[PDB]
Structures are given as structure tokens and as C-alpha cells.
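Just one chain follows, in the form deposited in one PDB entry, and it is written as C-alpha cells.
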């Protein structure tokens, strides 16, 4: 009789502290295990059917459909505190008419900049590119003017979607997963802006999340694209940072980031589901508990009465502005192959191995082929 939780490095300390509180009040020990974020879903897909998955996992709402149709996460029954959560957060964790998690936070990326190098936020992507090149020259390559995880579709989406790409078409009958918008004229235009930044040398093909995040924390990157999950580490590193929406792609044409929702899901195969349900609906979901989570992991709260406490914080203001321009990630099982296909296309594009139009058409054909083959069933 023990509850086990898998989560990323950002939640481990606070969830272990809250787990000791739950042990004091209910008598049940809680063990929190770090698992790298990019492996949680894959490890759970192989472990849970074997009886070796955690009771509770913490992660992003795009996973919900794939996990639900494979029978691996438990629906959450209605409970009266749900009226206090934002509908956008509850819809993101809903699939097939059922709620499949308790959300704790919403998030989007934004432009994060180091005020020691950036005095005026660029208003357009053209101005950002010019400012990055000036920094690159001024400090002789010791400081990067602009860097981000370029070949990760999650981080490059604001440019693709902003110009009119889309993942699946919205219809009155739901998402049409045969109508994929990732190689339309808008997607091409957004992918060409990415290529232009490579060609002009402000990004490189080797740029990745770890080097971005490390360089910013060391004071050697002026401008990055990242989310609220990183800001505490940058405050703790003593960086004098600011946050703004991603600059418009052209005048009057905004970037359009994904919106994500982070949340708690229960393993349907757990022998401890009954206690896991109490933990989530009668302890984690409470206003006081959700505010403690915010203090340790300061993303946008999913409960309105907690957001109300922190709504004046300038980081909350800026990231709310970014998220307001965004679109929630789809959560249908068919999202699963999209990330790999688009990551491969972006790698090809930035390495000059194919034209933008060709690389995106190949990506869409590969996604269609995976959907047709039922790759999302395990």
C-alpha cells in the first residue's frame, strides 16, 4: 500500500514534500521517481501493461488519446471542485467525453531575453534576426544572439502555425485526421523563415534544448524560445531576464504557439487506483495544494482561484499574452506520429538535404501512412 509517481525534474521536490503531507494525514507513503520528460510516455507504454508502471504519472495533455485508447489511464469522475478549473484545462484532458486527468497548469512558449544584452524587445522577426546578428558580432561569438531547439516541432510550431499551417482540420464532427495542414502554403512559409535564420547564420543545425538552456543560465545567450518550466531555474541562476510574446512574423501577423496543459493521470492497471483517486481529487486538487505547486513550479495555474493570487506577476502576464495567441495541442491518438515526422523534416530542412516543400510533403505522407497502419495502437 504505497503510491508511486513518475514525473520530470521540475516536480520531483514539491511532489515528494506533498507526499509526506499525504502520508501524515492518510497514512499511505508516497514515492516520487524522476523520469526524463521525453521518456515518461514511452516507459509507461511498455511498463504499465506488465504491471510495472507507476500509479500516477505527470505529463502533457497531448498524450491523453493514445493512452486512453490503449486502456492505460483511468477516467476521473466528476467532483465538485472541478467548477474551479478553467474549461480550457479540463477540455485538454478530456477525450471521448471523459475526463482523463486532473490538470495543474497551462503553458506556452515565449521569447525570453537577457536584459544585459537586449534593451528593446524586437517587434518583428526581422528585427530579432538583425539584433541577434549584432550581438553575435559584438561579443565575438562568446554570446549567442538567438538560440532555440530548432529541429523540435514543439518549439518551431509558432512559425509554422502562425503563417497558416495546422495539424488536423477542425470540423463540426471533431478533428479530421485525414486533413493534415503541415505542408500547406502557410506551413511552407513558416518553415522558410526557419531556413532563413539558418542561412543567415543566427541559428545552427546543432542547436538543441540542452545547449540553449545551459547557455541562457550561464549568461551566454541573449534571446531564446522557452516556456514557464524554465523560469525558476533562470531566476535562481541570477539572470536578469524578461519575457515577451514571440515577435510578429510580419507586421500584423502574430506567431501562434502551441498551448499545453500539464496534469496528473492514473494508471488503469494500478492495484492502488482507489487511493490514487483520493490523492488526486481530495488532496492535489485543493486550492492550497495547487498554490504550493505553483510556488515550486510556476506555470499558469489551472485553477482560477489560484491564478487570481498570482495574476499581477509580470511573467504570468507575459506568458498569458503568449498563450492567448496560441492553440491547444491536439490530444487524439493520431498525434503520436506527428512529432517524429515533423522533427525529421525540420532536421532535413535545416541541413539543406531537401527543399522545404519536399521535406514537408514527405512528412505528411509519413504521418498519413502511420495513421493508416494504426501505429498508435500498441
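Here, rigid core means the biggest group of C-alpha atoms that superpose within 1.5 Å across both forms. Shifts are known only where both forms have a C-alpha. Residue numbers count along the first chain shown, from 1.
Inset, instruction - Would you mind comparing 346 to 354 and 321 to 329 for me and telling me which has the higher average C-alpha temperature factor in the entry? - result: Averaged over C-alpha atoms, the B-factors run higher in 346 to 354.
Inset, instruction - Averaging only over Cα atoms, indicate whether 242 to 250 or 104 to 112 has the higher B-factor in the PDB entry. - result: On average, C-alpha B-factors are higher across 242 to 250.
Inset, instruction - By the entry's C-alpha temperature factors, tell me which of 206, 145, 263, 301 sits highest. - result: Of the options given, 206 has the highest CA B-factor in the PDB entry.
Legend entry - Identity of residue with top Cα B-factor, from 297, 213, 74, 126: Max CA B-factor in the entry, restricted to 297, 213, 74, 126: 126.
Inset, instruction - Grab the CA temperature factor for residue 267 from the record and place it in the lowest, middle or highest third of its chain. - result: Ranked within chain, residue 267 CA B lands in the lowest tercile.
Inset, instruction - Using the B-factors in the PDB entry, rank residue 59's C-alpha atom against the chain and give the third, lowest, middle or highest. - result: It belongs to the lowest third of the chain when residues are ordered by C-alpha B-factor.
Inset, instruction - Determine, from the deposited record, the chain-internal third of the Cα B-factor for residue 256: lowest, middle or highest. - result: It falls in the middle third of the chain.
Inset, instruction - Taking the values exactly as deposited, rank residue 186 by C-alpha B-factor within its chain and report the matching third: lowest, middle or highest. - result: According to the entry, residue 186 has a C-alpha B-factor in the chain's highest third.
Legend entry - Chain-wide C-alpha B factor ranking for residue 96, given as lowest, middle or highest third: Ranked within chain, residue 96 CA B lands in the highest tercile.
A second form of this protein, the form deposited in another entry, is not displayed here; the remarks below concern that form.
Legend entry - Sole member of 285, 197, 259, 246 with a C-alpha shift of at least 2 Å between this form and the one not shown (core-superposed): The answer here is 285.
Legend entry - Displaced residue check between this form and the one not shown: residue 337, CA, 2 Å or over, core reference: No, its C-alpha moves less than 2 Å.
Legend entry - residue 96 C-alpha moves between this form and the one not shown by 2 Å or more, core aligned: After core superposition, the C-alpha of residue 96 moves 2 Å or more between this form and the one not shown.
Legend entry - Exceeds or equals 2 Å, Cα of residue 164 between this form and the one not shown, core fit: For residue 164, whose C-alpha is compared between this form and the one not shown after core superposition, the shift is less than 2 Å.
Inset, instruction - Specify closer or farther for residue 149 and residue 45: how their Cα atoms are spaced in that other deposited form versus the shown form, given a shift of 3 angstroms or more. - result: Distance between the C-alphas of residue 149 and residue 45: longer in that other deposited form, by 3 Å or more.
Legend entry - Distance trend in that other deposited form - C-alpha atoms of residue 229 and residue 18, change of 3 Å or more: Farther, not closer.
Inset, instruction - Could you point out the stretches of 3 or more consecutive residues whose C-alpha atoms all move by 2 Å or more between this form and the one not shown when the rigid core is superposed? - result: When the rigid core is held fixed, residues 1 to 105, 261 to 299, 301 to 312 are the runs that shift.
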